[PDB]
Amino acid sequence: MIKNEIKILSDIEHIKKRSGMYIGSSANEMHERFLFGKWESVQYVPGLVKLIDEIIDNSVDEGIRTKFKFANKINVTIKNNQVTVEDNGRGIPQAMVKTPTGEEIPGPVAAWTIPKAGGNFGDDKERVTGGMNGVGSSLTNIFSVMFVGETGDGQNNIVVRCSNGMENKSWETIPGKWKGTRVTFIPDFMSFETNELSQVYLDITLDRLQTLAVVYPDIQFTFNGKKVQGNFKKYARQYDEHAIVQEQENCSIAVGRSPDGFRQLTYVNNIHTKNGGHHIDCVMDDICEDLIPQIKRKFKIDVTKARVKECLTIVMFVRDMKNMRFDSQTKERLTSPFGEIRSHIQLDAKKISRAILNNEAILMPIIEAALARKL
């Protein structure tokens, strides 16, 4: 007898109880990843990072929605454990919405306090925003001791003041000409194996904002008062001095050395696919299938597709993909159809193949054991 008693859970309850299917690990652990081009190994709690990224994602969504005519200044601030994200998008439409449970609640209130409530539930094939599930804001709110969202459309502002894991919710409206979005929160450090939003979280969010600045040059980000600049070839050279780049229509990619296994920083629209997934798998495949031809052809050697890739760092931004799909709320693994991906990425792997064959620093580790095993 382990009891098998059936119980039913509210959305908020379920978010609290199965938090890691919603935001990730609470534990303060050591992960390997990229910071400023360096494959370091650093200690953070992944869920805390997500709490920030949700609010950022939302602003960058609005920039996307309006082709950067709106939300082209995004101001991020991290000061004594308080995260502030301000943008100049159009604000959250203040119109009201009806929940099936009778109630009648202002637009932004539901956006921020009701899971399964957002503005990315349209025709999937046309959805270009990184946002889609309608939950990430409520996640930051549910895991915040204080959460305060301010939007205004140019007419009036609504403030939604939330405390203690969104069990205190209140909202007021006052007229105003301001038009944009501000969100401020303090994480609930009881759901996390830290008690401080210490310096590493500052490093990550800057690093994220640097990467967002190169995907999205029409947005001027600022972190803690300092504007974030961006030049893609400059960015890429942070990962390997001896890197090489190619930029297409819906694509910017860079290839460089790795000392210790395939590494990849890889973006799909405004989303960091830290676990890779289909897009990077497919382009590494199309890459390797011109390379191993030429390499076995230029040198008569056999090297494996794992050998090629266990020596590359890759950086790839895919812009403007419709209806992108993932296997988790954490959007860490692009899971869209291989065919539709390959339709968007117009990858000239031929190009990319010849330039990697003409870059000794990059080419040599691939074929090295193979050449030394030939004699």
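Residue positions are given as counts along the sequence shown, with the first one as 1.
### Query
Looking at the deposited entry, does 13-21 or 353-361 carry the larger mean Cα B-factor?
Between 353-361 and 13-21, it is 353-361 that shows the higher mean C-alpha B-factor.
### Task
Using the B-factors recorded in the PDB entry, average over the C-alpha atoms of 207-215 and of 290-298, then report which stretch comes out higher.
Mean B over CA atoms: larger for 290-298.
### Task
Among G154, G131, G165, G122, single out the one with the highest C-alpha B factor in the record, please.
By C-alpha B-factor in the record, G154 ranks first.
### Per the PDB entry, maximal CA B factor within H272, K79, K98, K169
Out of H272, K79, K98, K169, the record gives the largest C-alpha B-factor to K98.
### Task
Check where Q246 lands among this chain's C-alpha B-factors and tell me if it's the lowest, middle or highest third.
Highest third of the chain for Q246's C-alpha B-factor.
### Query
Among the chain's modelled residues, which third holds the C-alpha B-factor of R33?
As the PDB entry reports it, the C-alpha B-factor of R33 lands in the middle third of its chain.
### Query
Where does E340 sit by CA temperature factor within its chain: lowest, middle or highest third?
Tercile = middle for this residue's CA B-factor.
### Query
In terms of the chain's CA B-factor thirds, is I253 lowest, middle or highest?
CA B-factor rank for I253: middle third.
### Query
If you rank the chain by CA B-factor, which third does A71 end up in: lowest, middle or highest?
Answer is middle: the recorded C-alpha B-factor places it there.
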